[PDB]
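Q: Give me coordinates for this.
(chains A, B, C, D and E, ligands or ions: 1)
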Amino acid sequence: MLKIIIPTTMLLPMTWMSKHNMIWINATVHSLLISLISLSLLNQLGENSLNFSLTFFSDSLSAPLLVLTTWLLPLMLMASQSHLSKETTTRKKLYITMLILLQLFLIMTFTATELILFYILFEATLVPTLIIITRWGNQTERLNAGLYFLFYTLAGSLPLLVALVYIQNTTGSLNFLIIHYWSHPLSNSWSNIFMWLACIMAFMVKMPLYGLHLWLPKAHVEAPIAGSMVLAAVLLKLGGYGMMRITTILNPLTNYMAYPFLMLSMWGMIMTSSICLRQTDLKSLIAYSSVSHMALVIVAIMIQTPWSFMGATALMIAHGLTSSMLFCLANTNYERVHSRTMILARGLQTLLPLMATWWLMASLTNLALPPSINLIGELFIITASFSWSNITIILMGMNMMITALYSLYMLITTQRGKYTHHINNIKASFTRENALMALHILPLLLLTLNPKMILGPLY
Amino acid sequence: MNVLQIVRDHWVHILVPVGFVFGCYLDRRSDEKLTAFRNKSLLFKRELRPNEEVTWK
Amino acid sequence: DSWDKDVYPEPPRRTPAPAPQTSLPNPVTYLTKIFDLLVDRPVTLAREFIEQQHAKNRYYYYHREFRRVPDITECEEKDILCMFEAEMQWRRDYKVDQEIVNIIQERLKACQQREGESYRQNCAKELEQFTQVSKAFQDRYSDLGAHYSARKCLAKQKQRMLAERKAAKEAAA
Amino acid sequence: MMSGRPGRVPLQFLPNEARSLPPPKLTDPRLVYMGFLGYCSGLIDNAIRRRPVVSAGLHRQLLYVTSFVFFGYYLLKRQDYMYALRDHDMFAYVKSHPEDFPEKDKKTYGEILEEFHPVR
Amino acid sequence: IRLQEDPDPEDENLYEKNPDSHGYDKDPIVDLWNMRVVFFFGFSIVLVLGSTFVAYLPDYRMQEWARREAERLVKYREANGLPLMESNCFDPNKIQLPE
Ligand SMILES: CCCCCCCCCCCCCCCCCC(=O)O[C@@H](COC(=O)CCCCCCCCCCCCCCC)COP(=O)(O)OC[C@H](O)CO
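A: Numbers count the residues shown, from 1 in each chain, chains lettered A, B, ... in the order given. Let me share the structure:
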């Protein structure tokens, strides 16, 4: 509720009014402090969601994502204070302002009690990210990249706007509790499909499914490090949160209309993971891997099965923490080599031995190696999907088989092998990069002991 | 000890902490308007104790 | 004992008396013996020390009880005030029934190792009890959807005697 | 739409009978946000003129907060008036038109036949 | 010369100015202090107590309360001999099924 919001927004005057060089320090202090307070919100009751007021409420689904976003907030500050050191204090302050303003919106939307209120800051997250990708992005095609990312989501979000207000004029309020209790069987009338399509496509776009995913490779690669993590670790997941919330009034229409997306997602994950097997760009390879994992959640959410929701929430968080880490891996390597081609800097393990380890559990976590939370996600989803149909395991398991090859492919090409002779600027890794990397992996294994925290309201 | 300057450069550190203690205040103020069914739901409604007058604040 | 024997029926253990005839010493007696005065007694000595300390300052806690509240079949249409109590009561009974299946599942799994090679026929009672529970559990909550609600559970149920009474009419002929 | 209701004297920002409503409390959360807007203008006001933003012309942005608060306050009373007015003649209408507002029958969920769709 | 620009700056090594550099910022004293913040306010106060806080969090989802009720409920049910959990949930005796 408020105990998270005002501390987040009151953090903004601090960064603006802090000393010239202390900006990174005091921002990091209370961002971690905010994370601690958010963790206090992680508690949930049995069945009734933790409701605070007409404006804000939390459930067993929102809380794990809330603590994840606040937990993220220190990490971009940690990950960004290397390529922004040679910048004017105002621009550094502006950069920090963008992140916490972005993070502030995330707390708002996840705790939003009204769908329209959920909707207003659903796209409002775009404005800070658009600035981050465009201004501080370090590339040339970032301009076209920002346009692709911006227009795709709007093209899907605006139908939701017309759909959402239609609910208000037809079924009174759009309070999440009032929708759930007063749910009615959506008919099969040919208007209700376009009703169904509008209420779904908005979350489809910013949850890249095959076909509606070309923004993500352009979104991730040209975005700066902080932009890439926030976009891949939370931003691809507003779509996820919407579906678990909005599919309450899409049944039984979801039963019949689910087919085109399920085939698109299940086949897409094989295709996308195949792209990972032959990606020339390390950041792009990680980006395409996010599509495969996210497309798995598409099948998870859209099956509408108790087990499927549970594994979704497991992959909901685990992928986000993992994808942020892998982007950190690529970023921590990038500036040393000043290039994105994977084969540019081979045999890094012989030069940097600890990064060899950090890359190693990172690849293992993305492998869904048990008992990592990723395995709990994928394995739960497979069982739910298998109950839905026996055939899907052929597609399901094949993804894990492909996921194995490309995951260690980056490991062998970069970490193992012969070091590149020509390069000589690879310095011993700063303990900031090392500290940040453990900041990611350590909570992941810490979460393994308590899956019930992140299983969700279906748990 | 330089306090005229440690205050100037480290007065920012108190902003968020008071924000949190402020955040609890509206949290513990907004709930008052939400009293309505206080000790009214038959699941939890029960006999009011000799001294305390409000079951849940 | 902490738990209840009625909830967890434990058939009495049949432990044969040790009657060996070979003169050479049986070793496992000795390893149990040395273990007794090397591990078991020191563990017990610490345990009796901690347990007496626990009883020195004993603090209590009880088990929360929710009284019965009108459920969804008598709650008025719309009227989310009565729906709230109805939904929460039904979800609480969902938790109990999930634990009821859990209790039966442990008893079924308890038979396996307990009966050893006799598992196939000895606890067919355990098998049918789980069969009765699982089938009845299916009629209660199965296929309710990830957004299951007491309304849907009533809706799914209302189909059951709808078909049943229709079958009864056909059966009567 | 209230464009021609009986009694609307034109060019009257706050009609007298609106005084029968609870006035907005001096620290109404809507009001302080209106005060926020005044301040936010002040900071940028020094920005265009290239002044030390926050500590630049304490008089200037101080007036901004005062002006926005008052213009906000009278706006809120007027805003509260229409919503009260919109609800008032609303209720007066439905009693005057009982036939167009039938009282829907009281049936519990037990008798309602809501078909069930399995998820399979 | 196309435009009057500047050559691309060379990436400075924080180590060759100060060997103990931690990569958090250039100035050594704040860099050492940034170490203290990122670890003390990172691993120390969040990971350690936060884990204990969430680990020792009170009953979440009523995972044990339902068990105790189930044990009592199942102990009641087989004592009388009626089936230990009915196939029906909302008692059909009240239900007023149409026709
Ligand atoms: C880039 C293109 C879009 C990307 C994909 C987005 C999703 C695809 C479908 C988009 C649908 C947008 C319009 C839906 C608004 C809400 C729909 C709704 O609530 O359902 C209504 C569905 O009714 C409609 O007619 C909705 C619109 C149907 C689709 C036709 C217009 C939308 C498609 C063309 C415009 C957008 C495409 C891009 C054009 C450049 C119910 O009203 P009804 O017809 O049942 O009303 C009662 C009675 O029958 C008479 O009204």
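Q: Does residue A:256 touch residue A:188 like I think?
A: Yes - applying Cβ atoms under 8 Å, one finds residue A:256 in contact with residue A:188, separated by 7.4 Å. From N, CA and C alone the C-beta is placed, and that goes for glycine too.
Q: Tell me which helix or strand residue D:24 sits in.
A: Secondary structure assignment for residue D:24, by DSSP states H and E: no helix or strand.
Q: isn't it right next to residue D:75, touching?
A: No - at 9.5 Å, residue D:24 and residue D:75 do not qualify as touching, with contact defined as Cβ under 8 Å.
Q: which neighbours do the two share?
A: Counting by Cβ atoms under 8 Å, 6 or more residues apart in numbering or on different chains, residue D:24 and residue D:75 have no common neighbour.
Q: for the residue of chain B found nearest the ligand, what are its contacts?
A: Nearest residue of chain B to the ligand: residue B:34, at 32.2 Å (Cβ to the nearest ligand atom). Contacts for residue B:34 were tallied using Cβ under 8 Å, 6+ apart; they are residue A:53.
Q: measure it to residue A:256 for me?
A: 41 Å (Cβ to Cβ, to the nearest Å).
Q: residues contacting residue C:18?
A: Contacts of residue C:18 (Cβ under 8 Å, 6+ apart): C:26, C:29.
Q: Could you find the residue in chain D that comes nearest to chain A?
A: Residue of chain D nearest chain A, by Cβ to the nearest Cβ: residue D:117 (3.6 Å).
Q: cool, and chain B?
A: Per Cβ to the nearest Cβ, residue B:19 is where chain B lies closest to chain A, at 3.5 Å.
Q: Tell me, how many residues neighbour that residue?
A: 24 (other Cβ atoms under 10 Å in any protein chain shown).
Q: May I have the secondary structure class of it?
A: Under DSSP: H, G, I helix; E, B strand; the rest coil, the three-state class of residue B:19 is helix.
Q: now residue E:86
A: Classified using three-state DSSP, residue E:86 is coil.
Q: what number of residues lie near it?
A: Neighbour count for residue E:86, taken as other Cβ under 10 Å: 13.
Q: Could you verify my assumption that it touches residue C:136?
A: Yes - Residue E:86 is within contact range of residue C:136, at 6.6 Å (criterion: Cβ under 8 Å).
Q: Go through the chain and flag its longest helix.
A: Using chain A. The single longest helix within chain A, with elements called by DSSP state H, is helix A:306-337.
Q: Chain E was what I was after
A: In chain E, assigned by DSSP H, the helix with the most residues is helix E:65-80.
Q: That helix near chain C at all?
A: Yes - Helix E:65-80 is in contact with chain C by Cβ under 8 Å from any Cβ of the partner chain, via E:65-71, E:73-75, E:78-79.
Q: Could you do stretch D:91-106 as well?
A: Yes - for stretch D:91-106 and chain C, the contact criterion (Cβ under 8 Å from any Cβ) is met by residue D:106.
Q: State the separation between that stretch and the centre of the chain it belongs to.
A: Relative to the centre of its chain, stretch D:91-106 is centred 27 Å away, using Cα atoms, centre = their mean, to the nearest Å.
Q: Any idea how far apart the tips of it sit?
A: 22 Å (Cα to Cα, to the nearest Å).
Q: who's in contact with it?
A: By Cβ under 8 Å, 6+ apart, the residues outside stretch D:91-106 that reach it are C:76-77.
Q: List the backbone torsions phi and psi for the residue positioned nearest the centre of chain C.
A: The centroid of chain C falls nearest to residue C:103 when counting by Cα atoms, centre = their mean (1.0 Å). Here is the backbone geometry of residue C:103 (degrees, to the nearest 10): phi -60, psi -40.
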